[PDB]
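S.K.: Sequence order for the protein chains is B, A, I, H, G, F, E and D. Numbering-wise, the first sequence is residues 2 to 143, 145 to 192, 200 to 257 according to the deposited numbering. Numbering-wise, the second sequence is residues 2 to 143, 145 to 192, 200 to 257 according to the deposited numbering. Numbering-wise, the third sequence is residues 2 to 143, 145 to 191, 200 to 257 according to the deposited numbering. Numbering-wise, the fourth sequence is residues 2 to 143, 145 to 192, 200 to 257 according to the deposited numbering. Numbering-wise, the fifth sequence is residues 2 to 143, 145 to 191, 200 to 257 according to the deposited numbering. Numbering-wise, the sixth sequence is residues 2 to 143, 145 to 191, 200 to 257 according to the deposited numbering. Numbering-wise, the seventh sequence is residues 2 to 143, 145 to 191, 200 to 257 according to the deposited numbering. Numbering-wise, the eighth sequence is residues 2 to 143, 145 to 192, 200 to 257 according to the deposited numbering.
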Amino acid sequence: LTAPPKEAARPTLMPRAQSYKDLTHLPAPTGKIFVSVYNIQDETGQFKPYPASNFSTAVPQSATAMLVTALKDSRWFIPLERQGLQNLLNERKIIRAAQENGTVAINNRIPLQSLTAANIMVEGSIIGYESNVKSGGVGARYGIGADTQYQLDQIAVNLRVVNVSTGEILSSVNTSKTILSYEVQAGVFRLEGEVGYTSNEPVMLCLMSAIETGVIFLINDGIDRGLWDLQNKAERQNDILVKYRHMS
Amino acid sequence: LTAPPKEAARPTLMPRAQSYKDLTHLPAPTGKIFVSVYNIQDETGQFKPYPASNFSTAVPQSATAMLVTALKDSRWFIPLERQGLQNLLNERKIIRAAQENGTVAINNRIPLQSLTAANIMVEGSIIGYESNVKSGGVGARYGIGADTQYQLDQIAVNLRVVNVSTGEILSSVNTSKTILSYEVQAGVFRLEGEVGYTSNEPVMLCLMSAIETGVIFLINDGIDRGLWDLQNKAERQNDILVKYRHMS
Amino acid sequence: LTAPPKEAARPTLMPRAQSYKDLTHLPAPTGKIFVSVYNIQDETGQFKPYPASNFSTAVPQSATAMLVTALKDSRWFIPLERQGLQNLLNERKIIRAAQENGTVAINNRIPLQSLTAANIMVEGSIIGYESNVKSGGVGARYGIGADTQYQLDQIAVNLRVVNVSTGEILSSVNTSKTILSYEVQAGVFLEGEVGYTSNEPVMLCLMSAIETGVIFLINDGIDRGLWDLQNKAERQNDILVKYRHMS
Amino acid sequence: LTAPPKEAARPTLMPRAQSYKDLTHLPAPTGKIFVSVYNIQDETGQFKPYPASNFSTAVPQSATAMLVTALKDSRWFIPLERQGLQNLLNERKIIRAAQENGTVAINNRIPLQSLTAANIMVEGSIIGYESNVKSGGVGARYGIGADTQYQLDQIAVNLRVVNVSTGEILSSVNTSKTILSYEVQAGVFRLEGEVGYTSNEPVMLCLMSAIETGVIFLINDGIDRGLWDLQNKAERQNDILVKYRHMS
Amino acid sequence: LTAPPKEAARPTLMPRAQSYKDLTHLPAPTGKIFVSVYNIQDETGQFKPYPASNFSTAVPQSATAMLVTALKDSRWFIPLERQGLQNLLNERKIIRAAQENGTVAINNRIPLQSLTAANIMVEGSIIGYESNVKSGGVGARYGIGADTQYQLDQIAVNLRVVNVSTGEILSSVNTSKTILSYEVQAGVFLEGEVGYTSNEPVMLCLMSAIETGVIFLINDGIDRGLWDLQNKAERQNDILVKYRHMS
Amino acid sequence: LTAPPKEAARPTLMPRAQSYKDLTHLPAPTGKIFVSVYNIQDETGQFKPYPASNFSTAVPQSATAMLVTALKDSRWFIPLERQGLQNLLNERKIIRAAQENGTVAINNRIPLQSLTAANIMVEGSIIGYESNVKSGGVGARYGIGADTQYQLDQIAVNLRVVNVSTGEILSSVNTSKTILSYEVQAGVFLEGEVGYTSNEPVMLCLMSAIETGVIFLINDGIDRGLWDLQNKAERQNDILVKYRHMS
Amino acid sequence: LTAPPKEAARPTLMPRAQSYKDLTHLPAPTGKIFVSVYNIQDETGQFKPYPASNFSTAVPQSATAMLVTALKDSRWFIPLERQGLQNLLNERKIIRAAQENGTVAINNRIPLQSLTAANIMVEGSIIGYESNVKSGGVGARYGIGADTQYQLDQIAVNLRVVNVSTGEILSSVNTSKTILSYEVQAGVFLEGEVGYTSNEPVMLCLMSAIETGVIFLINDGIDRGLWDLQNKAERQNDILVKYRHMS
Amino acid sequence: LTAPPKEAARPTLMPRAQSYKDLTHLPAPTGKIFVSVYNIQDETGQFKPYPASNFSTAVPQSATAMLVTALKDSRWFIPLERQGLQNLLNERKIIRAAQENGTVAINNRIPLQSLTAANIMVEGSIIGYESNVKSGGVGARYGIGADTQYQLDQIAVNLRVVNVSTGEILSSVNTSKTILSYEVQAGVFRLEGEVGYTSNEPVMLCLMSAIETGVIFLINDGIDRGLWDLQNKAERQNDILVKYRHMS
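1) Taking 7 Å as the CB-CB cut-off, is residue 4 of chain G touching chain E?
2) Please classify residue 191 of chain G as buried or exposed, where buried requires at least 16 other C-beta atoms within 10 Å of its C-beta.
3) Nearest to residue 15 of chain A by alpha carbon, out of A/85, A/5, A/217?
4) Looking at the structure shown, is residue 122 of chain E part of a helix, part of a strand, or coil, going by DSSP?
5) Could you check where the alpha helix (DSSP H) with residue 231 of chain F kicks off and where it finishes?
6) Between B/95, B/228, B/162, B/231, which has its C-alpha nearest residue 124 of chain B's C-alpha?
7) Under 7 Å Cβ-Cβ, which residues of chain H neighbour residue 56 of chain I?
8) Mapping DSSP to helix, strand and coil, what is residue 21 of chain A?
9) Let me check understanding here. Comparing Cα to Cα, which of G/40, G/42, G/57, G/41 lies closest to residue 48 of chain G?
10) Out of B/52, B/42, B/89, B/50, which has the shortest C-alpha to C-alpha gap to residue 62 of chain B?
11) Can you tell me where the beta strand (DSSP E) holding residue 144 of chain H begins and where it ends?
12) For residue 134 of chain I, return the contacting residues in chain B, with the cut-off set at a CB-CB distance below 7 Å.
13) Mind checking whether residue 220 of chain F and residue 134 of chain F have CB atoms under 7 Å apart?
14) So which of I/113, I/114, I/153 has the shortest CA-CA distance to residue 132 of chain I?
15) Using 8 Å as the Cβ pair cut-off and three pairs as the minimum, do the segment 86-94 of chain F and the segment 69-76 of chain E touch?
16) Per DSSP, what kind of secondary structure is residue 107 of chain I in: helix, strand or coil?
17) For the segment 83-109 of chain F, list every residue whose C-beta sits within 7 Å of some C-beta in chain H, in sequence order.
18) Which of the three DSSP states, helix, strand or coil, is assigned to residue 69 of chain B?
19) Is the beta carbon of residue 111 of chain F closer than 7 Å to that of residue 120 of chain E?
20) Is it true that the segment 226-240 of chain I meets the segment 6-14 of chain I, where meeting means three or more beta-carbon pairs spaced less than 8 Å apart?
21) How about residue 12 of chain H and residue 177 of chain G: do their beta carbons lie closer than 7 Å?
22) Which of the three DSSP states is assigned to residue 4 of chain I in this structure?
23) Any idea what DSSP makes of residue 251 of chain B, helix, strand or coil?
24) Indicate the three-state DSSP secondary structure (helix, strand or coil) for residue 209 of chain F in the structure shown.
25) Would you check if there are 3 or more beta carbon pairs closer than 8 Å linking the segment 237-254 of chain H to the segment 25-37 of chain H?
26) Would you kindly check if the distance between the Cβ of residue 175 of chain D and the Cβ of residue 130 of chain D is under 7 Å?
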């Protein structure tokens, strides 16, 4: 017992909640749409307070990938790879250099085709993280005591569809989500005995949720405006679609 | 006794656990697949809090190599070397400069062949590390006392298969893993006597686990979608494959 | 007493332990293999806590050289110099500029030959240093008291053989090693106190783990038919079967 | 006494000890060897703790010059100046620009000759400085008391001979050295009276020592491997040479 | 008295001590030698501790100019200006631009010749500054008390003669010097307290050690036949045999 | 009242003391000499301790302009403007662009002349600022008490004359100066306290020391035959023999 | 009353005092002189101590604009805009691009003329800010108490006239000014306290000192025959003889 | 109440006071003058003290836009956009690229005209912000007590009219303004009870005020010097104009 500790808990796939369930069970379009995401920035401006590192950002710098993933899980869009475009072009250079002489083995040959191109691209930004937007606490001691304290933070996300052919923005949407934190404590004193518990929502998981939500609002907005069309016109009054229609 | 101390405990090869055991005992495909990994970034945005150095990242900057290693241990993929591509090209310059004159000794000669080229390349990102996502404690003193305290952190990883020939992302997956920490303490007072113990999961090792898990979900997903196929069709209902199928 | 203090303890050559002993007494191949190391990075991300300098890395930035050295001590590989390749090429410029006119003295002349070229090159990384991965302590006082406390840290290293002729990685290996620290202390209370503290060198753990990695790479290569033993009878070598067993 | 103070203690030449004595009294080769040192880096990664400046390195950045000096003192090698190569080439420009017209005075003329070129060049690194690798203390008080405390640190150095004509490393060596520190203290109490003394080894001096040692191991290794040869073959069993042979 | 304060003390020329006195009274060579100093770096790696600014170096960055000055005071070398070479070339551009048309007044005319060139150039480095290499203190109180405390630091310097015509280093030398500090203090306890503290200037120690180095370089060059003494009878000069003895 | 306060005390011209008085009353040469100063650096390496800003230098970065001013006040040298040479060349571009077409008004016309060029240029460096080189204090309390405390710092300057025509340094000089600080305090204990504290301006010491250096440079040049006095009878000038004596 | 508070005090034009009054009522020259100011730097090297931001300079970086303004207020000089020259050239590019086709409306047309060019340019530097150059305090308590404390700081400015046609500096001047601060306090002890504190604006001292410098420059130029007075009878002007007397 | 809090107070347009009122009710010229503002810098050199961020400037970096706005509100000047010139030239590139082929729809067509050019341009700087230039406090206690404290800070601004046709500065002006702060406080003790209030002037708003004032002084100065002329010469003795004339 000086070698390392062993794994506590298993790797699960990412715990997405309600937003995800809505996003997945969306009625499919007449064909999946080709989409590009280049970058969604942490335009928030915000870092963690003491005792965090000066450099610890308040929000993960991973929004871009979450958006591309949400655009895929919806089963409306095929995402074309542009976040790592440089590497993609490099592999293609190596391929073309490999097989240009027609020696490369017919089984091993990779057939190359122009890079599939998108019609609409969607970009956006993490547009604020305010911290302790609300907070409170209640405690009593009489020697026996308890108390809770809570804080909550905000996070907002812009997503927006841009038309490649024109540069007209075809849709802008602004979603928001609250991050909950709380601390429960109880202690008995005369003999001392204490129980304490604290829970923070993962900012990483709230970001993800809000991006999904945004993607839904984008699809619904595009349906209304005639960007894309449902397979079943009868499915216009889908529970999910009318729910997000109602939030507008 | 002012010269150095000698090694307490041995170098072991790196302690991988369950994810590994699943990843290795996966039923083999009809042939390997050629894969390229250029870079997986610490997109997390996060550093360690006081008293760590301001610059100590919360997560190791080593994900790329872990992925390549997991892709190899699975016995589904041959990884091609692109992380250090520049050096590879340099050694090949030196080779070609050596033997271009046909003086170099026939035993010593290195035969050069175009760089083996990948069909799918997989990239991803460490997409969040939230800290003390949960925490708690229980203690009593009566003069004799004990207490435990625990905290746990999150880490998530995106991996995604990109088709070189198109740019279509063929698969995105989002895995997550929890890092456990705890502190047990007991003391007797009258005469004082104290015992304490504290254990942290290695973030290092949780990252590695989660990347392995991701690789499995990628393979299984590819099997479903007809990217690649099994040697034994009878092995479709493999324990491992149905376990990850079930987690989707 | 403004003359300096003089050397307490002698320069020894660097105290390598078990990994080294295994690595040296390895059964030799049919010929030594030409290898290149360009760079092994401190991919760890980690610095020392207060009261260290903010900028003090947790791990030495010297892994590259340790690997080259380990590759040499094994007596399987000749390492070719690429870490300082630029200087090498510069000295070769100066040479060629010296003797191009055929005035340079025949005794002094340096004969120049194309740079010896490697077939496999091996790179890697320091993947991780986690700190106080475990820790503990036990202490009691009664006028008389004692206590020990211990902490231990982790370090891991990737090494991997890449084939120059294809880019195929021919082997990846992931080794790990634990750095031990402890503090023993006793006091009688007349007061009298004895204390002692010992830290493993992170330096020396890095070096150990890299040696271990080199062995696993050789053994792996033997299995996969990259290279072959002089004596096929020496396949069941104690060391080779020990590392075979760890796999 | 508001003008300055005058010099307490004198400039000596730099206090080298045992390593130096061994290095100097080495049996001479058949001819001195031409050597180049370009740079030996502080690959250690380490800075001083509080109360040092954040920027104070733990090790002096001066290893290069110490190695060149050690290579000279040995009376085996002529070091060719490459650390400041740029300035050398500049003075040679100024020379050539001076006397190209054949006006310059024959007494003043500087005759220029191609830059003397090395056959082997040796480079290396300061690999590691670990701090308080060991430590301890012993103290007792009875009105009268004393105590000592000690710490020691490690430092390691790679040197390696590279063959210019191939790039083959012809020798790698790894030397190490310990830096001692201690604090002695005594106090009498009833009347108080206290005496204290503290001594630190210079890290400066330990670095220098270890580099010398390395140079010896390099020469001895080269003798064995047939890089260079002794004037007197009878001097193979030299006390110093067999001492360093034994450490191998 | 809210305008400024007036001058306390006068500027003296810079208080050099023993090294200087030796360096000046050195027996002159057959002719002065032409020498170039480009740069001597603070290769020490060291800064001042709290409460100094983080950025205050432990050693002045001025060693280059000190060496040039020492090389001059010795009356063996003429130093050629290279530390500010760029400006020198600019002033020469402005000259040549002035008088190229032959209008410039003959009284005002500056005659130009391409730059005087050195044969040997000497470079070096501040190798190392260790701090509180030794320290101590003694104090007693009985109503009446006193105490002293002292610390001392080290500093070292490489200088080396390089031959322009080959790049061969013709001499390397390694000098060292200790910086003294002390604090005397007394109090009677009615309370009354007196204190005094003195630090050696690091500045001045650096300068001293560089001078010493220059001497060792000249003496070494005499031995090795770089340069020759006017009076061969002055080989056994007190100073020369003193530094010969230190070798 | 909450708009600003108005100015208390007047701008005086800059309070130079003894060095200045010596420098001005120097016997004039046969003609003034043309001189260039490009830059004199704060080669000191030193910043102010806590609570100063981390970035507050210990010495003003203004030495270059002080030296030029000193060189002018001496009435030996005409300084040519090189510190802001770039702007000078720009204004001259604007001039030439103005009047190249011969429309510009004859009253307004600026006649352009090649840039007057220097023969010797002098450069140097602030070599060193050591702090609390000495310090002390004396205090006594009996209900009634007083005390003083003093500290002093060092500052040194290299100046050197470089010959444009050759690059030979024609003179190097090394001047030094001490900065005084003190704190007087008295208190009666009813409590009542009076305090006062005075620091020499580091500014004003730097200036003084540069003037002194300029004098030593002129005197040295007189000896070495760089330049000559109008009245050879004035060789034994009080000032000149005073600085001759300090050498 | 959660929207903002309204303006307490009105914007006045900037409170300049004595220097200004002297500078304005100066007897006018035969014609105004054309001047260029490119840049006057904060060569001071100094920042504010804790609790100021580490980056707060001790002196405003604004000296250039102050100098230009002073040069204008004197009614001796027309300043030409060089501190934003790049924008000036841009607007002129836009103009020329507007009207080159001869469509632009005759009312709207901007007639372009070569950039008016200066004959002398003046540049300088904020040379030094020393802080608490002097300080003191006096306080007594008996239940009832009072105290004052004062500190004062120094600031110096170089200005110098440079001749465009030659690069000869035609005048250098070195002005200085003291910044006053004080804190008065009284308390009765029922407790009751009154306090007041007043600092001179460093801003305003800088401006005052630059004005003063401009006057010394004009007076110096009058003496040296750079420029001439309209009324030679006004040589003995009160202001001119006052500044003549300070020299 | 874990969603966000709602807006307390309405967005008003920006609360400008006396300077503004003077600036607006200025007698109009014979025609508006074309003006350019490129940049007015925070030449002040000053940051906020602890506990502000080290990087928080004392003065807003926004002076440029305030000056352009003041120049517009005066109804003497048309400001031409140069602060964002680059974007302006970019849009014009896109325009010219859009309609060069004469396909673009006649309704949609944008007619392009050379960039309107200025005759005078005015630039300046925030010259200084000194803090607590004055301060004071008065407090008295009897069980019951009160106190006030006040501080005030300074800010100055240079504006100057430069003639494009020459580079002659046609006017320089130097305005200044004081920022007021105070803290009133009262407490009763035996039972404790405390009331406090604190008011700071916005530095923002003082800057804006002072810039307006500067613009007026510039116009009045230009009227005197014959740069521009009043519509009604009878309006020379305007209340506002004679007020600012008097301040000169």
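In this text, a Cβ means the ideal position worked out from N, Cα and C, and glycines have one as well.
M.R.: Inspection of the coordinates gives the following:
1) Walking along the fifth sequence from the start, residue 4 of chain G turns up at place 3. Chain E, which has a Cβ nearer than 7 Å to the Cβ of residue 4 of chain G, makes this yes.
2) Position 189 of the fifth sequence, counted from the start, is the residue given in the question as residue 191 of chain G. Classification of residue 191 of chain G: exposed, given that the 10 Å Cβ count is below 16.
3) Sequence index remark: in the second sequence, residue 15 of chain A carries index 14 (1-based). Considering only alpha carbons, the answer is A/217.
4) By one-based count along the seventh sequence, residue 122 of chain E stands at place 121. Residue state, collapsed to three classes: strand.
5) The count along the sixth sequence starts at 1 and reaches residue 231 of chain F at position 221. First-last of the alpha helix (DSSP H) with residue 231 of chain F: 212-234.
6) For the purposes of this step, residue 124 of chain B is taken as residue 123 along the first sequence, with counting starting at 1. Nearest C-alpha to residue 124 of chain B: B/162.
7) Sequence index remark: in the third sequence, residue 56 of chain I carries index 55 (1-based). 48, 55, listed in chain order.
8) As a working mapping, residue 21 of chain A is identified with position 20 in the second sequence. Three-state result, residue 21 of chain A: helix.
9) Within the fifth sequence, the letter at position 47 stands for residue 48 of chain G. That would be G/57, whose Cα lies nearest to the Cα of residue 48 of chain G.
10) Taking the first sequence and counting its residues from 1, the one referred to as residue 62 of chain B is at position 61. The option with the nearest alpha carbon to residue 62 of chain B is B/42.
11) No coordinates exist for residue 144 of chain H in the structure shown, because the numbering of chain H passes directly from 143 to 145.
12) Here residue 134 of chain I is taken as the residue at index 133 of the third sequence, counted from 1. Neighbours of residue 134 of chain I on chain B, chain order: 5, 6.
13) Taking the first residue of the sixth sequence as 1, we reach residue 220 of chain F at position 210. Taking the first residue of the sixth sequence as 1, we reach residue 134 of chain F at position 133. No, these two residues do not count as a Cβ contact at 7 Å.
14) Your numbering for residue 132 of chain I matches position 131 in the third sequence. Taking only the C-alpha atoms, the option nearest residue 132 of chain I is I/153.
15) no
16) Locating residue 107 of chain I in the third sequence gives position 106, counting from the first residue. Coil.
17) none
18) Here residue 69 of chain B is taken as the residue at index 68 of the first sequence, counted from 1. Note: residue 69 of chain B maps to helix in three-state DSSP.
19) Looking up residue 120 of chain E in the seventh sequence gives position 119. Looking up residue 111 of chain F in the sixth sequence gives position 110. For residue 120 of chain E and residue 111 of chain F, yes; Cβs fall inside 7 Å.
20) no
21) By one-based count along the fourth sequence, residue 12 of chain H stands at place 11. By one-based count along the fifth sequence, residue 177 of chain G stands at place 175. Yes, Cβ-Cβ distance for residue 12 of chain H and residue 177 of chain G is below 7 Å.
22) Reading the third sequence from its first residue, position 3 is the one you call residue 4 of chain I. It is coil, neither helix nor strand.
23) Here residue 251 of chain B refers to the residue found at position 242 of the first sequence. Residue 251 of chain B: helix per DSSP, three-state reduction.
24) For the purposes of this step, residue 209 of chain F is identified with residue 199 of the sixth sequence, where counting begins at 1. Strand.
25) yes
26) Numbered from its first residue, the eighth sequence carries residue 130 of chain D at position 129. Numbered from its first residue, the eighth sequence carries residue 175 of chain D at position 173. Not closer than 7 Å, so no.
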